[PDB]
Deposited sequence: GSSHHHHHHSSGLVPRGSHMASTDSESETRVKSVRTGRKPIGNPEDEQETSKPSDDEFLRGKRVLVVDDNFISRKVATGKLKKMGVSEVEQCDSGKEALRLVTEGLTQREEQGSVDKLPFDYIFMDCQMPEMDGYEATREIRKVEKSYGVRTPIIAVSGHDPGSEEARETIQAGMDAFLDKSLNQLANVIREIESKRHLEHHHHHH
């Protein structure tokens, strides 16, 4: 399954995206798909803490410069299961950093399996926007749904 949490080679043109995944191969695969959809800029990192850092720094910079776009990333694809700080905790911390800027980055949970009851709960509590099977086959639909909302 894939959905909201309570060709296409120009599909993401104009867009800047962050891929977060502790697995080297998953990360490359995601960035590949996205580059194929015309993504203007893909950034990738290998942990929740790194993600947190890039987002924190990017929001501060954009605020300091009076940037037109205040979000450093139009979308973040967040792997759920990672050592140390998982995707839930990182997303929770990202939402807390965001409060002071009055913005909300779309964050899409990425996992190799459908969530159980506990993960599903964490999904909502963390403040993720959507959830995407790692095939990434539903990527464009999930983003359209986010955009409609």
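Missing from the model relative to the deposited sequence are positions 1 to 9, 16 to 53, 197 to 206 (no C-alpha coordinates, numbering from 1).
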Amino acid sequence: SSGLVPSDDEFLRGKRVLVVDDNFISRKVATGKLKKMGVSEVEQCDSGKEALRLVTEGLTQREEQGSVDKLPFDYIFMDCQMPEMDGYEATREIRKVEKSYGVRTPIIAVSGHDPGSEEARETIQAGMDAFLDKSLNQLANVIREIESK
From here on, numbers count along this sequence of modelled residues.
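Between 15 to 23 and 136 to 144, the higher mean Cα B-factor belongs to 136 to 144. The mean C-alpha temperature factor is higher for 38 to 46 when 38 to 46 and 88 to 96 are set side by side. Comparing the C-alpha B-factors of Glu119, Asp69, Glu57, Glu63 in the entry, the top value falls on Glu119. In the deposited entry, the Cα temperature factor of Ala51 sits in the bottom third of values across the chain's modelled residues.
In the deposited entry, the Cα temperature factor of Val29 sits in the top third of values across the chain's modelled residues.
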